[PDB]
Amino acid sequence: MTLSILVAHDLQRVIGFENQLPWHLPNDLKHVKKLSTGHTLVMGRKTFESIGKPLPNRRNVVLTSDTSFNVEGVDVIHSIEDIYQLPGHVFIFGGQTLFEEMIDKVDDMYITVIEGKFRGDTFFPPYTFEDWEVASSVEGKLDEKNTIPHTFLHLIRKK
């Protein structure tokens, strides 16, 4: 399983609002860092500009049509087909455009379900558990810093 989706979405599959995350969940950032460190993130241009700096200790690949894009510490690709040449474990990082382009191609999905309803303008595509086996489902821990219930799902495409 070398090609995966990595996403956090709420009960209505909202993933973003005005180029930011609608929630603050440190546990989920830790989850991303644990899964992706030492591997490769592929993300759309808008998601990269939301993040600003590339994330440390992993390969950052940005998909953009902009031939002027040349950011220190960032690798640039210009086509969806470029993804299939990246070595190692590749995580599709978002945003909405990337997720829709890749949900039918990935081997598996690491989904953080945020158990709330936020205002969004960007969405993860609908998906059915008739196509996806639950490899694991783990409730996130609530504390002073993580106040929204959340569940970590690992889904694997059924054969």
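Residue numbers here begin at 1 and follow the sequence given.
| request: Check the entry's C-alpha temperature factors for 110-118 and 127-135, then say which stretch has the higher mean. | output: Mean CA B-factor is higher for 127-135.
| Got a sec? Mean C-alpha B-factor, which is higher, 63-71 or 90-98? | Between 90-98 and 63-71, it is 63-71.
| Out of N19, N146, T151, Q12, which shows the largest CA B-factor listed in the entry? | So the option with the highest C-alpha B-factor is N146.
| query | Looking at the C-alpha B-factor of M1, is it in the lowest, middle or highest third of its chain? | reply | Highest third, going by the recorded CA B-factors of the chain.
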